[PDB]
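Supplied in C-alpha cells, the structure appears directly below.
Cβ placement follows ideal geometry from the backbone for every residue including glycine, while neighbour counts extend to all protein chains displayed. Each answer follows from the model by the rule given with it, or from the source it names; none is laboratory data.
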Amino acid sequence: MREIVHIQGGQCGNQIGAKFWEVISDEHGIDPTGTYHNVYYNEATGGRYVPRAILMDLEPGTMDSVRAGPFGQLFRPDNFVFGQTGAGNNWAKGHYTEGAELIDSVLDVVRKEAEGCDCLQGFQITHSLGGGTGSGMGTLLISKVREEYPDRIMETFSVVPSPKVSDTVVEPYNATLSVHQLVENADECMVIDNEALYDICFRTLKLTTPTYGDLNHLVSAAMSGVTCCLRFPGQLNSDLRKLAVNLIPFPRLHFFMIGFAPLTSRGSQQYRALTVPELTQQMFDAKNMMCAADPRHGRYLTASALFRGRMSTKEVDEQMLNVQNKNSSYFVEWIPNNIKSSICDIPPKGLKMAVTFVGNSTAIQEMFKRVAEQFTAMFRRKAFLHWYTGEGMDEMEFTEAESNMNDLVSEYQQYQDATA
Amino acid sequence: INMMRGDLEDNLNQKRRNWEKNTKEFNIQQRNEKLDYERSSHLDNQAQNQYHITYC
Ligand SMILES: Nc1nc2c(ncn2[C@@H]2O[C@H](COP(=O)(O)OP(=O)(O)O)[C@@H](O)[C@H]2O)c(=O)[nH]1
C-alpha cells in the first residue's frame, strides 16, 4: 500500500542511506536482527523484516561499511549489485563505459522488487553529483526507470557540492553533466551540501568536531520526517504526490531545499521551549536549512511545512499566515497563499514535535550559477578534458549541457521578475 | 376471539425474533471459529517455514 523503493548509490549515497535505514529501524522499533522491539519493509519468515532497498557501486569497498555499521544484516544479499573496477571520480566510467554494463542488472533487480509491490507510490534515490559511481549510475538508472514507469514519480536526495568546501577538483564537470538530465526526468531534486551542515553543527549545535556521522544522521532524520506523514495517522495527511502538486508549479522548477527543526545542544535543549512559535522562529531563518544559498537574497515560489507530533491546527495555521504576511517581500506575490502545512499525529523517537520545511524557492538558482562559474574556467581552457573524451563520450554534449543549465537558471530569474 | 387472535400473533412474532437471535448467535460463533482457524494456520505456516529453512 503506497509503498516506496530505495536506491542508494555512490559513497555518500550509501553512507547516508545506511544511516537513514538505521534511523528508520530505530523509529519503527526494529533491532539490527530484523524484528520488532510495507511502506519501507517487507515481511519474511519468522516475522523477520527485509528493508526494500538496492545498493549499487562500482567498487565493493562500500560493502565493508554496509556490513560493519549497525543494521547491516537487514538488507538482502541479492540486493548488492557491485562492480569491480570502480568509476574513480569520473562520470564517463559510470554512465557510458562500465556503469552501462551493470545498469541492466540493476534494472532487473528494480523490476524484481517493484513487481512485488501492489501500489507503488514513487521512488527515492540518494547519491552525490561528482562521484562517478553515484552520479553516473544513479542518473542512468533514473533515465531508464522513468522511461519504464512513466506514471510513478522519483524524489531524489542528491547531494551537490558547494565550492565553499573543497573536496575534489573535477566536481563541476560531473555536476553539470548530471544536472543536464536531472532537470529532465526527475520531479523532486532536494539538494543538500556540506557547508550548510558544517555551519549548522558549528554555530547552531556548538559541536566540537563536526563529523560525518552526525551530519548523515541529521540529513537522514530530515529525509524521514519529509514523508513520515504517510507512515502514520494524521489530521491533514500527505504523500509523495501532495508535495508533487503543492511544490511543482512548472515541470522543471522542482529543485527543493530542505530544513529540519528543532536543533539544539544539551544546555539549549534544557533551557528552551518546544512550541509552534519557537519552531516557526527556528525554521524560517536562513541557517536552519541545508543549502549554502542565502534564501533572503531571493524568494520562495512555494513552501511546504510538514509538522509532526500533536498540536492545535488553528495555532500552526495562524502562525503560517502571520509569518507569511510579515515576510511579504521575501515571498512571491504573483501567487496567492504560497505556503502549505500538513500535520501527522505521531512525533519522532526522542522529542514531542518535529518540523520538516521543504521549499521550492528561487534562491538556489544562484547556486547553479557559482558551479557554472567553475565550469567555464575548467572548459574555456578545455582543462581536464583528456579523461572524459577518452571514454567514448563525445565532447560536444558537454557544451549543450551548459546551455541547458542557462535555460534552467534563466527561468528562475524570469519568475523572480513576474508581477500581475 | 379478537383478544385470542392478538395473543397468538404476538407469540408467533416472539418465536420469530427468538429464532433470529439464535441465528445471530450461530453467525458470531462462526466468525470467531474462522478467526481461530486463520491464526492457527498462521502459526502452522511459521512452523513449516522454520522446519523447511533450518533444513540444512
Ligand atoms: N554528508 C557526507 N558526504 C560525503 C561523505 N563521503 C563523501 N561525501 C561526498 O561524496 C562526494 C563524491 O561522491 P562519492 O560517492 O564519494 O564518489 P565515488 O563513490 O567514488 O563515486 C565526495 O566528493 C564527498 O564530498 C560522507 O560520509 N558524508
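Collect the residues in region A:170-197 that are within 10 Å of the ligand (Cβ to nearest atom) and either within 14 Å of another protein chain (Cβ to nearest Cβ) or farther than 15 Å from A:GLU402 by Cα (or both), keeping them in residue-number order.
A:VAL170, A:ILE192, A:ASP193, A:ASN194, A:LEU197
Right, next: When you scan region A:136-157, do you find a residue that is surrounded by 24 or more Cβ atoms within 10 Å (Cβ to Cβ) and part of a loop (DSSP other than H, G, I, E, B), even just one?
yes
Kindly indicate whether B:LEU35 is within 30 Å of A:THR45 (Cβ to Cβ), of a type in the set (A, V, I, L, M) and more than 14 Å from chain A (Cβ to nearest Cβ).
Yes, satisfied.
Just checking, how many residues over region A:263-279 are among the small types (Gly, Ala, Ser), under 16 Å from A:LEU205 (Cβ atoms) and part of a loop (DSSP other than H, G, I, E, B)?
Going through region A:263-279 one residue at a time, the tally reaches 1.
Which one of these is over 16 Å from A:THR139 (Cα atoms), of a type outside the set (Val, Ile, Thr) and surrounded by fewer than 19 Cβ atoms within 10 Å (Cβ to Cβ): A:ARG76, A:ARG52?
After applying the criteria, what remains is A:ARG76.
For region B:38-56: of the residues being part of a helix (DSSP H, G or I) and hydrophobic (A, V, I, L, M, F, W, C), which is nearest to the other protein chains (Cβ to nearest Cβ)?
Result: B:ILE53.
Right, next: Taking region A:84-135, which residues are in a helix (DSSP H, G or I) and closer than 21 Å to A:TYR173 by Cβ?
Residues satisfying the conditions are A:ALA92, A:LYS93, A:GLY94, A:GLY99, A:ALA100, A:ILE103, A:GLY132, A:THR133, A:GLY134, A:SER135.
Name, by its number, the condition in (1) more than 14 Å from chain B (Cβ to nearest Cβ); (2) in contact with a helix residue (DSSP H, G or I) (Cβ under 6 Å, 6 or more places away or on another chain) that does not hold for A:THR45.
(1)
OK, next. So which of A:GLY136, A:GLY88, A:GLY116, A:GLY132 ends up being farther than 24 Å from A:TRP21 by Cα and either assigned by CATH to the domain that holds A:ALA18 or within 14 Å of the ligand (Cβ to nearest atom) (or both)?
Checking each option against the conditions leaves just A:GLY88.
In region A:43-79, how many residues are assigned to a strand (DSSP E or B) and under 23 Å from the mean Cα position of the chain (by Cα)? First the steps, then the outcome.
Going through region A:43-79, the residues assigned to a strand (DSSP E or B) turn out to be A:43-44, A:48-51, A:54-57.
Next, only the ones that are under 23 Å from the mean Cα position of the chain (by Cα) stay: A:50-51, A:54-57.
Total meeting the criteria: 6.
Got a sec? Which of A:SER25, A:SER65 is within 12 Å of the ligand (Cβ to nearest atom) and either under 24 Å from A:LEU102 (Cβ atoms) or in the same structural domain as A:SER220 (by CATH) (or both)?
A:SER65
Here is a further query. Inspect region B:10-26 for any residue being out of contact with any helix residue (DSSP H, G or I) (no Cβ under 8 Å at 6 or more places or on another chain), within 20 Å of A:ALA44 (Cβ to Cβ) and either within 14 Å of chain A (Cβ to nearest Cβ) or in a helix (DSSP H, G or I) (or both) and give the result as yes or no.
Scanning region B:10-26, I find no residue that is out of contact with any helix residue (DSSP H, G or I) (no Cβ under 8 Å at 6 or more places or on another chain), within 20 Å of A:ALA44 (Cβ to Cβ) and either within 14 Å of chain A (Cβ to nearest Cβ) or in a helix (DSSP H, G or I) (or both), so the answer is no.
For A:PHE123, indicate whether it is under 28 Å from A:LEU247 (Cα atoms) and of a type outside the set (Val, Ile, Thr).
Values: under 28 Å from A:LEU247 (Cα atoms): yes; of a type outside the set (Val, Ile, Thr): yes.
Yes; evaluated as a whole, the condition is true for this residue.
Any residue in region A:318-338 that's under 15 Å from A:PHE284 (Cβ atoms): show its pairings with residues that are in a helix (DSSP H, G or I) at Cβ separation under 7 Å, as long as the two are six or more apart or on different chains.
Correct list of pairs: A:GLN319/A:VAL276; A:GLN319/A:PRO277; A:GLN319/A:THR280; A:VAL323/A:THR280; A:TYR330/A:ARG296; A:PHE331/A:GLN324.
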